[PDB]
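Participant: Just passing along the structure, written as structure tokens.
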RNA sequence: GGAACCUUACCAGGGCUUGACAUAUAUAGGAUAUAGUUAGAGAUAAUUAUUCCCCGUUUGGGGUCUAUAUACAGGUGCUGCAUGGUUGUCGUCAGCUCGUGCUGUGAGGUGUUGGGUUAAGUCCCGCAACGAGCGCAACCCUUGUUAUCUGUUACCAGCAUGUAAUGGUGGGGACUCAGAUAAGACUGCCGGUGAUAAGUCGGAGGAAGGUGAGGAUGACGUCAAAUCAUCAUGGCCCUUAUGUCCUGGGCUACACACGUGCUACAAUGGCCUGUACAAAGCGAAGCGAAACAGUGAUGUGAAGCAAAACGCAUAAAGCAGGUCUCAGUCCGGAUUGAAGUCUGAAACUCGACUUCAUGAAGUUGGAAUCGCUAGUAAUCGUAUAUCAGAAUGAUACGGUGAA
Ligand SMILES: [Zn+2]
């Protein structure tokens, strides 16, 4: 019970949940006991994920651990982004205004709809073809 | 439905492939539901009246 | 009818290679089938190929100018007054400018003859850069078709 | 396109069938080049006939006509005449310039 | 860990009487003076049925129902013969049902 | 075919099922169907004697003990002769099921604060060629004066035996069907007649 | 296309009728309903009328008929070669 | 929300006539019973084993079926224009009416005709109108934040640690999570505008702002709209028949015309190899693992499990490499031939799947026409219902994700 992780946070996305742990270090990232770069194979999604750190100019001095499950690759990237934002907030009040300016505190409550009877999908309907 | 068909469904066939489930309330041969052992129309009527415990309307 | 649509998303100014919204929008227009990663890779590779076919370091510059060489100015919108349909000219808005440009390049590149993915699209991109090809032809066609029918310009309602 | 004559609960005398055809050649001088389909449904339900004619136009207009009668010949005469007149009216709608 | 535990699962259609029976049991066992592990809520089981509305052709129009089952769990430490006997002896309002494992 | 069943709307919000028990997957269908059998047999055996019962509701605390509660406003007549009719139920029920049936009679306090009772009364009246408009007006007035905050009655069918079917409706007070927190009582009844069948529906807001 | 582990299908009544015909020198015709019975190689060279729902259609069975089913040679619906 | 038999209402055939099934009236000794025989396609009849049994200590009795004679049964036969019930539709469109009063000889009108305003007959003011009811909205259920309560079968941070693969093991309430109880969003507040209004455009706080998103909820009535074929039902109709038991055929038939979907025509792709990330569901005659055999469909086996405990089930697009070169092609996989897999008594007409070969039409499709405003179109898989077996349909779930 060292509690070396100085702060902890949670983040959510479409159907994914990630738990974030701030530790002292050179900024290394550990995700699901695997390398961050090897796990999130898309550099686009990795930049997606590390954007909160670059905005809060804190990368390279805090190490991150992530336990993430659910959702797809993009969903997990968004979830860990939200988790990083919440962890930085839990750390310092100073970053609150800039994070809220970038919208990193309000999470995408947007989720997939449900299918409806009489519809091929959430909104698509069957063909009419009146003639 | 046809009471004779209801009784024959109740009875034992020569083998199970010869027998089909029926709503034994109304004997409708089809639209059956195993969890309730009755057809869609009987299920709808009685669940709507609340005679089937645990079954309420679904908001999704 | 109930105008003043809700504020667009606009938040996707792609934070991957250039922090530029216009590249993101171009990739989105590129998309088939719901495959953002494929579109992003194709676009990145193709613009790189263009930047080394013209051998400049700054790829933003050449990409943006090849877009602006196709962004149109005045287009034709059809109205009708008194049972007479008139193809009145009207000035486009800037967003519609990028839209029409990107649509024209994409259509020409897809319908061209080529070997491969970024091959087709880089080839079309430099043709636009040099102000020649199907995309530029379509742009100038729209331009001077609108100009050939400038008499009705007083119908801008 | 050429017209589709359907029937329910009734049997087509060839007399009445070519009666229907003879009433329908009125279209193929003026209207045929403007329509997608022309369906004519006959039903015999309450010791009477119920006729439903239906036409689709190339510009998105849909014409429907429902009638009842006692004698098939008279019902067909009235219903086809009404259908032709309404079709002419729509054609003139559009061509009024 | 523990010498043995009594695993008792409470099943119901109705949350109110399910909960009522839950505190009834917890009071009944704390009367017998045994250490207790918290009433722990299991996920509710939802079975959705979609049925036609009209008794005939109309297909686009339907109606949906659920069956909802609510489940709670109680764990009893250091099983006692008298404690198990009392648990079996307890009477219970209809609509809430009990499953016991030693 | 509009107008969803109000009871179905109000179940689990402010109403409850007409059968109090719960069982797992193994026993559910069999016990459900034995409940249905209980109702149909009781109602056959009683509407042989033409009796109008508000409800038949079941309580099953035990997989082999069952409590059947008939709720009605003429409890003595329903009882019959010294509970001999009560046991006439019970013996017949055990003649087909293997459980212990205890029958109790729930007395109705306010006969016109019960939509089902109102509906049965209407149906019996129109079964004896009573004029539908007069019957509906009288029943509406009586139950509205007794203290109900809103009442609506609709009968349909061959009224007065004409060839052409018709429906007649009366109402006054508040009958807010779309309100969920409303306490709306709904009753349905049905009259067999020499000219056909006549449906009677009653909504009553409290 | 049954499994091998099941072997071919012949109805039992038809099968002992086939054995009786095999033990009889008289080559009598056998009338049958079980169209699903496989032509077992033993019952080559017989004459069987199978019911196609209307009438008993007869066949002489040769060796090469083996492996088929009896219904394969009793047409059940007739087309007059024209749709008028 | 499943036509190989049953289903099944049709057809060619064979039996039964208080009937395949009931209730009640009086006989006179078992029911059908379990397993077979005789013929049979089976239904069937003759049969063989055997009985009036149980409560009473048996006769008399209490009821029970034979097997008879009836009251009676029966019908998916006609009429939805004799009907109930249920449903579609205009239409989740915002309308539809009543009490009293006033007004017109009257049918009626006013209220509900005015100016603003809203998604709305929503709201404000004025007006011979004053009020009210069914609707709108709200109350409800999911999802979106936080607080308390509980940490197994769930969770795993800091510990040890099982070589794995598994929080797997000892451990731990921190977190997620599950589900109960509550808070929270009400134009609440601020600025401008608006008739001091109703309202309206931005701003702050905040997870959520102007109905947050979705669902449920469908007024008076219309179309003699759909259904007697789910049930109920008036009248008519058959009564060894239109009823009923079984065998087989049929609902799967074709020179044709139209509607709904799937797969494609290929390079935002096909094929080969390696690797990564889900949710919602289902399991008792049912889930069926580890492994082995097999190119494969699957086979033997049984662990575990009435299951947030185990199983279905290592999701697919994706990514990392090799190959193809615009070719009717390594595109397309229809069609047929051969050999297999599973289901059940049986799958020839008329099941699904696999292996091998066969490789057609098809070059983005005329007139015309459909769906969709954001997690939406588009595409990729998963699960369920009916079910012995058999979905491109239907219901539901998640992944990527626009213009
Ligand atoms: Zn039924």
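Residue numbers (the UniProt record's numbering), protein chains in the order written: chain A, 6 to 136; chain B, 2 to 61; chain C, 1 to 157; chain D, 1 to 97; chain E, 2 to 103; chain F, 2 to 207; chain G, 2 to 85. Beta carbons are placed, not taken as given, at the ideal position from N, Cα and C, and that holds for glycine.
(1) Rounded to whole angstroms, what is the Cα-Cα separation between residue 139 of chain F and residue 112 of chain F?
(2) Using only alpha-carbon positions, find the residue among E:31, E:15, E:40 that is nearest to residue 9 of chain E.
(3) Residue 81 of chain E and residue 12 of chain E - do their beta-carbons sit closer together than 8 Å?
(4) Put residue 43 of chain F into one of helix, strand or coil per three-state DSSP.
(5) Between the C-alpha atoms of residue 109 of chain C and residue 120 of chain C, what's the straight-line distance to the nearest angstrom?
(6) Taking only beta-carbon atoms, is residue 49 of chain A less than 8 Å away from chain C?
(7) Any contact between the stretch 36 to 52 of chain F and the stretch 78 to 90 of chain F? By contact I mean 3 or more CB pairs, one from each, below 8 Å.
(8) What does residue 55 of chain B touch in chain E if you count any residue whose Cβ is under 8 Å from its own?
(9) Let me check understanding here. Comparing Cα to Cα, which of D:86, D:49, D:65 lies closest to residue 39 of chain D?
(10) Applying the criterion that 16 or more other CB atoms from any shown protein chain within 10 Å of the CB defines a buried residue, is residue 76 of chain F buried or exposed?
(11) Which partner residues of residue 66 of chain E appear in the DSSP bridge assignment?
(12) What residues from chain E crowd round residue 75 of chain A, counting only those whose CB sits closer than 8 Å?
(13) Whole-angstrom Cβ separation of residue 206 of chain F and residue 162 of chain F, contact assumed at under 8 Å?
(14) Show which residues of chain E have a CB atom less than 8 Å away from the CB atom of residue 133 of chain A.
(15) Where DSSP assigns a beta bridge to residue 71 of chain E, which residues make up the other side?
(16) Alpha carbon to alpha carbon, how far is residue 175 of chain C from residue 145 of chain C?
(17) By the three-class DSSP mapping on this structure, what secondary structure does residue 248 of chain F have?
(18) Less than 8 Å between CB atoms is the rule here; does residue 82 of chain A satisfy it with respect to chain C?
(19) For the stretch 115 to 134 of chain A, which residues have a CB atom closer than 7 Å to at least one CB atom of chain E, in sequence order?
(20) Give the single residue among G:83, G:56, G:33, G:3 whose Cα lies nearest to the Cα of residue 48 of chain G.
(21) Quick check: is any heavy atom of ligand 1 less than 7 Å from the C-beta of residue 7 of chain B?
(22) How about residue 52 of chain B: is its Cβ closer than 7 Å to a heavy atom in ligand 1?
(23) How would you write the range of the beta strand (DSSP E) that residue 167 of chain F sits in, first residue to last?
(24) I want to verify the contact list: residues of chain B whose CB lies under 9 Å from the CB of residue 8 of chain F, in sequence order.
(25) Please report the residue range of the alpha helix (DSSP H) in which residue 143 of chain F lies.
(26) Please work out which residues of its chain come closer than 6 Å, Cβ to Cβ, to residue 176 of chain F, disregarding the five sequence neighbours upstream and downstream, and give them in chain order.
(27) Got a sec: is the Cβ-Cβ distance from residue 91 of chain C to anything in chain A below 8 Å?
(28) Any beta carbon from chain F within less than 8 Å of residue 38 of chain B's own beta carbon?
(29) Taking 8 Å as the CB-CB cut-off, is residue 11 of chain B touching chain F?
(30) Apply the 10 Å Cβ neighbour rule to residue 61 of chain A and answer buried if 16 or more other Cβ atoms are within range, or exposed otherwise.
(31) Identify the contact partners of residue 59 of chain B in chain E, using a Cβ-Cβ distance below 7 Å as the criterion.
(32) What's the C-alpha gap between residue 29 of chain F and residue 194 of chain F?
(33) Any residues whose CB sits closer than 6 Å to a heavy atom of ligand 1? List them in chain order?
(34) Report the rounded CA-to-CA distance for residue 17 of chain G versus residue 70 of chain G, giving the unit in angstroms.
(35) Around the Cβ of residue 29 of chain G, are there at least 16 other Cβ atoms within 10 angstroms (buried) or fewer (exposed)?
(36) Would you verify that the beta carbon of residue 56 of chain C is, or is not, closer than 8 Å to some beta carbon of chain A?
Facilitator: With the structure as the only source:
(1) 15 Å
(2) When only C-alpha atoms are compared, the closest one is E:40.
(3) Judged by beta-carbon spacing, residue 81 of chain E lies beyond the 8 Å limit of residue 12 of chain E, meaning their Cβ atoms are not closer than that value.
(4) Of the three classes helix, strand and coil, the one that applies to residue 43 of chain F here is helix, per DSSP.
(5) 6 Å
(6) For residue 49 of chain A, the answer is yes, since a Cβ of chain C falls inside 8 Å of its Cβ.
(7) yes
(8) What residue 55 of chain B touches in chain E: 14, 68, 69, 70.
(9) D:65
(10) exposed
(11) B:58, E:50
(12) What residue 75 of chain A touches in chain E: nothing, since even the nearest Cβ is about 16 Å away.
(13) Incorrect: roughly 33 Å between the Cβ atoms, too far for contact.
(14) Chain E residues near residue 133 of chain A: none, gap ~12 Å exceeds 8 Å.
(15) Under DSSP, residue 71 of chain E forms a beta bridge with E:13.
(16) The displayed coordinates of chain C run from 1 to 157. Any statement about residue 175 of chain C would go beyond what the structure contains.
(17) Coverage of chain F is limited to positions 2 through 207, which leaves residue 248 of chain F absent and any answer about it impossible.
(18) no
(19) 122, 123
(20) G:33
(21) Flag unset: Cβ of residue 7 of chain B not near ligand 1.
(22) No, Cβ of residue 52 of chain B sits at least 7 Å from all heavy atoms of ligand 1.
(23) 167 to 174
(24) 49, 50, 51
(25) In the DSSP annotation of this structure, the continuous segment of the alpha helix (DSSP H) that includes residue 143 of chain F starts and ends at 133 to 147.
(26) For residue 176 of chain F, the CB contacts under 6 Å within the same chain, skipping 5 residues up- and downstream, are 151, 153, 204, 206 in chain order.
(27) Not closer than 8 Å to any Cβ of chain A, the Cβ of residue 91 of chain C fails to qualify, so no.
(28) yes
(29) Residue contact check for residue 11 of chain B against chain F: no CB pair falls below 8 Å.
(30) buried
(31) 49, 65, 66, 67
(32) 39 Å
(33) B:24, B:26, B:27, B:29, B:39, B:40, B:42, B:43
(34) Using only the alpha carbons, I get a separation of about 18 Å.
(35) exposed
(36) no
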